[PDB]
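Engineer: part one of the complex, left exactly where it sits:
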Amino acid sequence: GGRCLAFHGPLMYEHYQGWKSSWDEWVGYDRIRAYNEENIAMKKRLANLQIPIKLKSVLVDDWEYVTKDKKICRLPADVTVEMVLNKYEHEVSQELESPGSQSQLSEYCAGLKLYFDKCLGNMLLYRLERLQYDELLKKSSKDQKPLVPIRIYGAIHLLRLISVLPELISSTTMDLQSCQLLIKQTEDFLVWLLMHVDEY
Amino acid sequence: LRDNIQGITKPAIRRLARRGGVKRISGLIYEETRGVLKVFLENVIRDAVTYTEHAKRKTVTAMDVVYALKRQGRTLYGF
C-alpha cells in the first residue's frame, strides 16, 4: 500500500530501484529513513486538577507539625505501606470496583510502589528529614545493600505524595482523560480514607 | 482482421532505421513509415492478386510476388 514505504532511502517503493538485479541485499540491521539522507545531503551540497474539599484538614494539620517533629521519631518505623496497599485488593477492589479486571487498582499500586522506590532525593524531603534520610543511607551503606524504603518509611507521606503529583502530571505532554482517570482514583483513595482516620 | 497496421511495432521501425544508418528517429516517423509501407503493400499485394487471378489459382505464390516486384523496377532475387 501507499507510494513511499522503504526502510532505506525511498525510491518510490510500492530492492534498490533504478539499478540492476545484481545489487539486492536482504540482511537485517537497524532501519532509518531520514528522507533519503536529507535527499543525498541536498544532492551532494548542490554538486559540491486539585483535590476536592472532602478531608483537606490533614495537610493543614501536618504542615505545621513537621517543622519540629516530622511525624516520626523511630527509625525502624512500625507503620509500613505494604499491608495497607495489600488490603486494597481485598477490601475496596472486591466491593467498590465494578466486576471485571482489577488492573486499574493493582497495576496502579505497583506503579506507586515503583515511584516510591526512587522518589527519595528529589521530592518530599524536609531539611531535617533530608538529614534523617542521609543518616539512613549512611547506616544502610555498611553492608553494600540497596536502600529499600518499604520497611523504614511510613504511609503518612503518601497523602502528601498524591497531593503533589498532579501539577507534575501536566508538566509533560499528556492527554487530559488520563489525568481525569488519575483524579478519579485519587477521589477513590480519599473516599477510602474518609472513615479510616486511625492510620493517617 | 482489424488494426493490423500497428503490427509493425515502433522498435521495428527503429531497427529498420538503424539498418539505414539513421542517427536519431523522430516520434512522428512511425506513422508516416507505416503509411508508406501500407501504400507499398497495397500496390504489390494487389499486383500479386491480379497475377494469381490470371493463373486461376486461389493462393498467391512467391513467383507472382517476384514478378510484381520486377515489373516496377524493384526486382527481388532468391525466391
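Structural biologist: Nice, thanks for sending it over. Numbering: from 1, shown residues only, chains lettered A, B, ... in the order given.
Engineer: Who are the packing partners of the strand or helix carrying residue B:12?
Structural biologist: Per DSSP states H and E: residue B:12 is located in helix B:10-19. Judged by 3 or more C-beta pairs under 8 Å, 6 or more residues apart in numbering or on different chains; DSSP states H and E, helix B:10-19 is in contact with helix B:29-54. For every residue, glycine as well, the C-beta is placed using N, CA and C.
Engineer: Helix B:10-19 and the helix it packs on, what's the angle between them?
Structural biologist: 90 degrees (axes from the mean of the first three to the mean of the last three C-alpha atoms, to 10 degrees).
Engineer: Let me know the secondary structure of the closest residue to residue A:31 other than its chain neighbours.
Structural biologist: Spatial nearest neighbour of residue A:31, chain neighbours left out: residue A:7 (3.7 Å); criterion: C-beta to C-beta, 6 or more residues apart in numbering or on different chains. Under DSSP: H, G, I helix; E, B strand; the rest coil, the three-state class of residue A:7 is coil.
Engineer: same thing with residue A:88?
Structural biologist: Residue A:88 ends up helix, using three-state DSSP.
Engineer: and the gap between the residue nearest to the spatial centre of chain B and residue B:18?
Structural biologist: Nearest to the mean C-alpha position of chain B, by C-alpha atoms, centre = their mean, lies residue B:41 at 4.1 Å. Separation of residue B:41 from residue B:18 (C-beta to C-beta, to the nearest Å): 22 Å.
Engineer: Quick check: phi and psi at residue A:16.
Structural biologist: phi -80, psi 110 (degrees, to the nearest 10).
Engineer: what's the distance between it and residue A:24?
Structural biologist: Distance, residue A:16 to residue A:24, by C-beta to C-beta: 7 Å.
Engineer: include chain C as well:
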Amino acid sequence: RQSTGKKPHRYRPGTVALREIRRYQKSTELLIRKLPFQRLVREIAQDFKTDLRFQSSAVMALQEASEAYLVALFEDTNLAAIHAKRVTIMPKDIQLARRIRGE
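Structural biologist: Just below you will find chain C, in place on the chains above:
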C-alpha cells in the same frame, strides 16, 4: 448490448544509436517479426479479395522486399536530414524522398 460499459552508466544519446547501426548494418537476420507482418499482409489483401491465402515463402519474399525498400527509404531520409543540417529525420523528409523518387 445489455451492459453499462554509486553512479549509473547513463549512456548519452547517439553512441548506443551508432552501436545499433554498426550491429544491424553488419547483421543479416530479419528485423520485422513474422506474424505481425503476415497479419498486416492478410488484412491488406482482404480488402482486394476475400478468402485468399499466402504461403510461407511468399510472405518471406514480401517481408524481405519491404525491409529492403524501407531501408533504402530510410537511407535517403537520413541523407536528406544531414543535407538539411540535421541528425534527426522528419516525415517531411520521407515525403520529399518519395516525391523525388516519383512514387
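Engineer: same question on what packs on helix B:10-19, but with chain C included?
Structural biologist: For helix B:10-19, where contacts count as 3+ C-beta pairs under 8 Å, 6+ apart, the packed elements are helix B:29-54, helix C:15-25, helix C:56-83.
Engineer: Only the buried residues of the last one, if you could.
Structural biologist: Applying a neighbour-count criterion of 16 or more other C-beta atoms under 10 Å in any protein chain shown, the buried positions in helix C:56-83 are C:58-67, C:69-71, C:73-81.
Engineer: Likewise for stretch C:17-26?
Structural biologist: In stretch C:17-26, counting by 16+ other C-beta under 10 Å, buried: C:17, C:20, C:21, C:24.
Engineer: Dump those residues to CSV, plus distance to residue B:11.
Structural biologist: Output for the buried residues of stretch C:17-26, formatted as CSV (distance: C-beta to C-beta, whole Å):
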residue, distance to residue B:11
C:17, 13
C:20, 10
C:21, 14
C:24, 12
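Engineer: any idea what sits nearest residue B:24, other than its immediate chain neighbours?
Structural biologist: Take residue B:24 and drop its neighbours on the chain: the residue closest to it by C-beta to C-beta, 6+ apart is residue C:88, 4.0 Å away.
Engineer: contacting residues for residue B:60?
Structural biologist: B:48, B:49, B:51, B:52, C:52, C:53, C:54, C:55, C:58 (C-beta atoms under 8 Å, 6 or more residues apart in numbering or on different chains).
Engineer: same thing but at 7 Å, please
Structural biologist: The contact partners of residue B:60, taken as C-beta atoms under 7 Å, 6 or more residues apart in numbering or on different chains, are B:48, B:49, B:52, C:52, C:54, C:58.
Engineer: pretty sure the fourth one contacts residue C:45?
Structural biologist: Read that as residue C:52. Yes: judged on C-beta atoms under 7 Å, residue C:52 makes contact with residue C:45 at a distance of 5.1 Å.
Engineer: and then DNA strand D:
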DNA sequence: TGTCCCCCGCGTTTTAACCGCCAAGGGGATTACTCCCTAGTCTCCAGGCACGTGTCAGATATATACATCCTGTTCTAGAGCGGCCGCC
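Structural biologist: The block that follows adds DNA strand D to the chains above:
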C-alpha cells in the same frame, strides 16, 4: 545562443513470437479426353495511305490597356517628456 520539450538509455512487467506438435481441406501439381479457334491459304474489296489543294485558326504588330509590384506621402497609435497639482 538558448531552451525546452522531444527523444533516447534503462528498470519492470506484460505480451505476443517461434518453435513443437497435430489434423484439415481447399488447393497446387500432374495426366488424360475432347473441342474450338487459332496457324495457314485464296481471293478481294472497302477502309487506309500518298498526293493535291481551299482553307481557317495561330502568330506577327502595335496602340491600347491591364495588372500587380515598388515606392512616396500621410494617418493614426505609441512611448517619451514636461508642466501642473496635491500632499507631507
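Engineer: Check the contacts of residue B:60 one more time with DNA strand D there.
Structural biologist: Counting by C-beta under 7 Å, 6+ apart, residue B:60 touches B:48, B:49, B:52, C:52, C:54, C:58.
Engineer: Which strand or helix spans the residue with the largest distance to the centre of chain C?
Structural biologist: Ranked by distance from the centre of chain C (C-alpha atoms, centre = their mean), the top residue is residue C:2, with 42.3 Å. Residue C:2 is part of no helix or strand when elements are defined by DSSP H and E.
Engineer: how about the closest residue to DNA strand D within chain B, phi and psi?
Structural biologist: For chain B, the residue closest to DNA strand D is residue B:27, as judged by C-beta to the nearest atom of the strand, at 2.7 Å. Note on residue B:27: its backbone torsions stand at phi -80, psi -20 [degrees, to the nearest 10].
Engineer: Could you measure from the residue most central in space within chain C over to chain B?
Structural biologist: The centre of chain C sits closest to residue C:70, judged by C-alpha atoms, centre = their mean, with a distance of 5.6 Å. To chain B, residue C:70 is 5 Å away according to C-beta to the nearest C-beta, to the nearest Å.
Engineer: Check residue C:72 too.
Structural biologist: Distance, residue C:72 to chain B, by C-beta to the nearest C-beta: 7 Å.
Engineer: Please, which helix or strand holds whichever residue of chain A sits closest to DNA strand D?
Structural biologist: Nearest residue of chain A to DNA strand D: residue A:20, at 4.4 Å (C-beta to the nearest atom of the strand). Using DSSP H and E, no element contains residue A:20; it sits outside every helix and strand.
Engineer: what about it, how many neighbours?
Structural biologist: Per other C-beta atoms under 10 Å in any protein chain shown, the neighbour tally for residue A:20 reads 9.
Engineer: Could you tell me how far it is located from residue A:8?
Structural biologist: Taken as C-beta to C-beta, the span from residue A:20 to residue A:8 is 17 Å.
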